[PDB]
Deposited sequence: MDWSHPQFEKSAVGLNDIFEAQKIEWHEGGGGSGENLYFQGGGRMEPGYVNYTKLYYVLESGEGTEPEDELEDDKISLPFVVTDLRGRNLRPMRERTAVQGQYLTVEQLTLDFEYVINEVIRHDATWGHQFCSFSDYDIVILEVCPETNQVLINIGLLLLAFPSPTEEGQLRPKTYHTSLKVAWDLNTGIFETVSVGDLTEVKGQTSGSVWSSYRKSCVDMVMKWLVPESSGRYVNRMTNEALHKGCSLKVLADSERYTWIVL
């Protein structure tokens, strides 16, 4: 139902573009009459403008936003909720204490995957970027996201770990069976 959400569903048997195929190369059969692909989108641009309009106290002094950086803070598979932090470079007039200034802020937003509906959980204070470069601000922003996830880091079970493998490694370990492959 909302304008910020877009959902697409496609079925197969023998927005982002999908080149669904078999192990050989055949592009299968794209139809809606088996494989099931789902695509739930969340437009950052819409969310930012919506949260500033209704949930930012400083919303009246806002002019326009420039770049934005989205860092996921939490994924709850039981409640199907994605907690995203929205780093934002914007233009706004200051308090009556004008002249338009560049500021940086953080917008925490909870995104429901069952409904597709987002909810705002935090609106940051407008902090001035005085002669700090674009890289300076995004580095400090991400550093705060890292800081938070580490602060709230609760150890997960053995069996619920996301395995991540990459080689540009001395040993390939099978932790659970205390087996190493020495390279």
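K.L.:
Do you know which deposited regions have no coordinates at all?
P.N.:
According to the deposited record, C-alpha coordinates are absent for 1-45, 60-76, 96-102, 167-170, 242-248, which together make up the missing parts.
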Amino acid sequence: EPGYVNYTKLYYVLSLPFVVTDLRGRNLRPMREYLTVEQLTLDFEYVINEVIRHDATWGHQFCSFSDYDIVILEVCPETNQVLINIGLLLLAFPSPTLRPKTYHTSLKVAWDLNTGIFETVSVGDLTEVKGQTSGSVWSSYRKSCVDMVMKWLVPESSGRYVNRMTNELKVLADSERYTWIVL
From here on, numbers count along this sequence of modelled residues.
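K.L.:
Look over 88-96 and 105-113 in the entry and identify the one with the greater average Cα temperature factor.
P.N.:
Per the deposited B-factors, the answer is 88-96.
K.L.:
Can you tell me whether 23-31 has a higher mean C-alpha B factor than 62-70 in this record, or the other way round?
P.N.:
Stretch with the higher mean C-alpha B-factor: 23-31.
K.L.:
For the listed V154, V149, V129, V51, which has the peak Cα B-factor recorded in the PDB entry?
P.N.:
Most elevated C-alpha B-factor of the set, per the entry: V129.
K.L.:
Between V162, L14, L172, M165, which carries the biggest CA temperature factor in the record?
P.N.:
By C-alpha B-factor in the record, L14 ranks first.
K.L.:
Using the temperature factors of the C-alpha atoms in this entry, rank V121 within its chain: lowest, middle or highest third.
P.N.:
CA B-factor rank for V121: lowest third.
K.L.:
Compared with the other modelled residues in the chain, in which third is the CA B-factor of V37?
P.N.:
Highest third.
K.L.:
Among all modelled residues of this chain, ranked by Cα B factor, put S158 in the bottom, middle or top third, i.e. lowest, middle or highest.
P.N.:
For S158, the deposited C-alpha B-factor lands in the middle third.
K.L.:
Determine, from the deposited record, the chain-internal third of the Cα B-factor for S136: lowest, middle or highest.
P.N.:
Ranked within chain, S136 CA B lands in the middle tercile.
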